[PDB]
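Numbering (mature numbering (1 follows the signal peptide of the UniProt record, and there is no 0)), first residue to last: 15 to 353.
Where is the CB? At the ideal position from N, CA and C, for every residue including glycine.
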Ligand SMILES: *[C@@H]1O[C@H](CO)[C@@H](O[C@@H]2O[C@H](CO)[C@@H](O)[C@H](O)[C@H]2NC(C)=O)[C@H](O)[C@H]1NC(C)=O
Ligand SMILES: *[C@@H]1O[C@H](CO)[C@@H](O[C@@H]2O[C@H](CO)[C@@H](O)[C@H](O)[C@H]2NC(C)=O)[C@H](O)[C@H]1NC(C)=O
Ligand SMILES: *[C@@H]1O[C@H](CO)[C@@H](O[C@@H]2O[C@H](CO)[C@@H](O)[C@H](O)[C@H]2NC(C)=O)[C@H](O)[C@H]1NC(C)=O
Ligand SMILES: [Ca+2]
Ligand SMILES: [Ca+2]
């Protein structure tokens with residue numbers, strides 16, 4: 015419906031600071047003891063006039079457990095209030111139905127769900143939406159298909175606020191990392207042997223091409239021992255020079271079927287590696303994760319136009335796995351931006 019003029023940017027974290035814990039109010043004491051039960055929560059959110067909504071970064075926490083739905087599609091299950099859970103999803107352009115099944119699993123114990131939904135719009139702006147008293151709930155188990163847009167929540171009661179981010183029985187949940195590096199690998203060209211690699215630049219390429227789906231947004235987390243520059247479909251996304259502080263990016267304007275991620279990474283001397291995690295959202299509400307591994311292509315002398323999407327990859331080798339995230343010399347302590 016809308017032209018997307020947003021361009022790749024530094025990733026913007028969704029925060030919980032304005033969000034509220036909600037439950038049903040079966041106990042009128044907020045943060046009070048509640049029965050073992052499952053309860054539904056719904057909120058129809060519409061885009062401000064003239065803007066189209068594209069995708070969302072979501073952080074959700076629960077006491078005790080939750081299932082998160084968008085426009086009837088299950089996008090995540092999780093549990094716990096000490097640390098939020100990160101979710102990413104593509105959106106309909108003008109309205110989106112968010113639905114959460116929350117579960118209290120311990121008798122006589124508090125119950126609640128808290129979520130923050132950072133919507134990104136076609137024009138490059140964003141707005142956060144939160145769980146609060148405007149959500150609808152029921153003092154009963156969730157009806158069949160409670161999460162589908164076709165269910166009528168007109169006669170549902172309002173959710174009851176259990177507490178605020180900074181004033182609740184739970185205290186403020188810690189934000190999770192935007193994406194895990196656990197699961198990815200430090201990779202390099204195969205001249206990386208015995209713990210070091212030659213001085214110089216190396217290039218890496220990964221193409222994602224699900225021709226029967228519509229890709230919407232990508233989130234990228236990347237770090238390199240020494241420095242890198244990152245490209246998507248030939249356009250520059252960003253660059254960094256730290257292997258202890260990782261960078262996160264949002265790509266809001268993906269091509270619908272074919273996207274090439276390319277990295278020029280440089281070694282100043284000593285050990286070398288590049289590591290990344292990429293999440294792509296699809297318009298059917300599914301996602302896929304890509305990590306640096308041996309399915310990337312790599313080359314030791316970088317050719318002109320190493321970044322364009324459709325170059326000939328003859329003479330590119332499979333990238334070498336230096337080690338899974340955590341290996342020496344870099345270890346497991348990478349600083350990762352908050353989701
Ligand atoms: C991506 O989509 C999938 C399915 O829609 C989600 O992953 C699966 O579902 C649960 C929900 O968290 C995951 O914990 C499991 O690891 C997956 N199922 C398995 C391994 O059998 C995932 O939540 C989505 N990611 C988002 C929305 O960021
Ligand atoms: C969420 O709200 C939107 C907007 O209030 C609803 O969309 C409207 O639906 C009516 C009835 O079908 C249409 O006549 C309007 O043209 C729609 N407006 C817009 C701006 O799309 C939407 O149906 C609601 N969704 C749910 C699940 O309640
Ligand atoms: C790949 O990355 C390296 C480092 O960022 C680039 O090398 C730089 O090239 C410029 C010329 O435009 C020099 O002025 C800099 O001094 C170089 N820096 C370093 C650290 O060597 C290289 O040009 C990039 N692109 C390609 C295609 O290799
Ligand atoms: Ca509980
Ligand atoms: Ca080095």
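8 Å Cβ cutoff met for residue i and residue j
i           : j           : result
residue 105 : residue 63  : no
residue 260 : residue 188 : no
residue 22  : residue 192 : no
residue 293 : residue 303 : yes
residue 74  : residue 103 : no
residue 124 : residue 77  : yes
residue 251 : residue 242 : no
residue 186 : residue 52  : no
residue 37  : residue 92  : no
residue 323 : residue 248 : yes
residue 160 : residue 54  : yes
residue 301 : residue 222 : no
residue 279 : residue 308 : no
residue 276 : residue 339 : no
residue 228 : residue 270 : yes
residue 341 : residue 281 : no
Residue i versus the options, residue with shortest Cα-Cα distance
i           : options            : result
residue 200 : 235, 222, 295, 77  : 235
residue 90  : 147, 112, 96       : 112
residue 81  : 250, 99, 71, 285   : 99
residue 231 : 156, 297, 166      : 297
residue 267 : 38, 240, 117, 138  : 138
residue 151 : 162, 163, 136, 170 : 170
residue 134 : 18, 255, 50        : 18
residue 343 : 258, 299, 165      : 258
residue 118 : 88, 97, 154, 87    : 154
residue 337 : 287, 299, 128, 318 : 287
residue 71  : 58, 39, 190, 214   : 190
residue 59  : 281, 130, 353      : 130
residue 335 : 353, 256, 312      : 312
In DSSP terms, what residue i is bridged to
i           : result
residue 67  : 135
residue 178 : 34, 181
residue 106 : Answer is none; residue 106 lacks a bridge partner.
residue 262 : 235
residue 296 : 229
residue 80  : 92, 116
residue 222 : 273
residue 87  : 84
residue 150 : 56, 172
Straight-line gap, residue i to residue j (C-alpha atoms, nearest Å)
i           : j           : result
residue 244 : residue 184 : 40 Å
residue 122 : residue 173 : 20 Å
residue 115 : residue 226 : 31 Å
residue 143 : residue 290 : 29 Å
residue 180 : residue 146 : 14 Å
residue 29  : residue 326 : 43 Å
residue 149 : residue 346 : 39 Å
residue 194 : residue 94  : 18 Å
residue 330 : residue 132 : 39 Å
residue 140 : residue 207 : 45 Å
residue 197 : residue 168 : 44 Å
residue 110 : residue 211 : 49 Å
residue 79  : residue 50  : 11 Å
residue 87  : residue 299 : 6 Å
residue 328 : residue 56  : 52 Å
residue 255 : residue 158 : 51 Å
Same chain only: Cβ atoms within 7 Å of residue i, ignoring 5 sequence neighbours per side
i           : result
residue 314 : 203, 205, 216
residue 310 : 201, 218, 219, 220, 333
residue 16  : 66, 107, 136
residue 39  : 174
6 Å Cβ shell around residue i - same chain, five flanking residues per side excluded
i           : result
residue 61  : 67, 108
residue 224 : none
residue 32  : 144
residue 128 : 33, 35, 75, 145
Cβ neighbours of residue i in the same chain (closer than 8 Å, five flanking residues each side left out)
i           : result
residue 41  : 47, 48
residue 176 : 34, 35, 36, 37, 44, 45, 124, 125, 126, 182, 183
residue 24  : 252, 261, 262, 263, 264
Any non-hydrogen atom of ligand 6 within 7 Å of residue i CB
i          : result
residue 44 : As for ligand 6, it is missing from this structure, which binds only ligand 1, ligand 2, ligand 3, ligand 4 and ligand 5.
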